[PDB]
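The number in the entry's author numbering is simply the position in the sequence shown, starting from 1, with 20 added. All C-beta atoms, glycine included, are put in the ideal place defined by N, C-alpha and C. To start, the structure itself, in structure tokens.
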Amino acid sequence: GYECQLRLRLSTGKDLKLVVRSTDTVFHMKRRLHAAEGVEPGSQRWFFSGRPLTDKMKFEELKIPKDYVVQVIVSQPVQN
């Protein structure tokens with residue numbers, strides 16, 4: 021788990037891949053979901069293949085060079 025690149029599918033069509041490395045995982049990944057994307061509140065619902073991901077998916081998958089994309093859920097485009 022040295023060079024990991026996971027694609028994030030937010031807003032149901034917001035694909036932006038973050039550069040992660042085993043220590044990152046959906047958690048740190050999420051760290052960016054709020055930083056890189058902007059989803060900081062409870063709008064950070066991690067989901068891959070239709071299932072909720074954990075904070076240890078990156079280093080656990082290792083098969084996410086680019087093809088793998090974790091879909092998130094955020095129903096707050098601009099709050100309110």
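Same chain, Cβ closer than 6 Å to residue i, five either side skipped, listed in chain order
| i | result |
| --- | --- |
| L30 | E57, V92, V94 |
| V40 | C24, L26, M49, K78 |
DSSP-derived helix/strand/coil call for residue i
| i | result |
| --- | --- |
| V59 | coil |
| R51 | helix |
| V94 | coil |
Identity of the residues DSSP links to residue i by a beta bridge
| i | result |
| --- | --- |
| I84 | Looking at the DSSP assignment, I84 forms no beta bridge with any residue, so it has no partner. |
| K37 | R27 |
Burial state of residue i (16 or more Cβ within 10 Å)
| i | result |
| --- | --- |
| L38 | buried |
Own chain residues within Cβ distance below 7 Å of residue i, not counting five before or after
| i | result |
| --- | --- |
| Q96 | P61, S63 |
Three-pair Cβ contact test at 8 Å for the region 36-46 versus the region 71-87: Yes, the region 36-46 is in contact with the region 71-87.
Are the region 56-72 and the region 84-94 in contact at 8 Å, needing three or more beta carbon pairs? Enough Cβ pairs lie closer than 8 Å, so yes.
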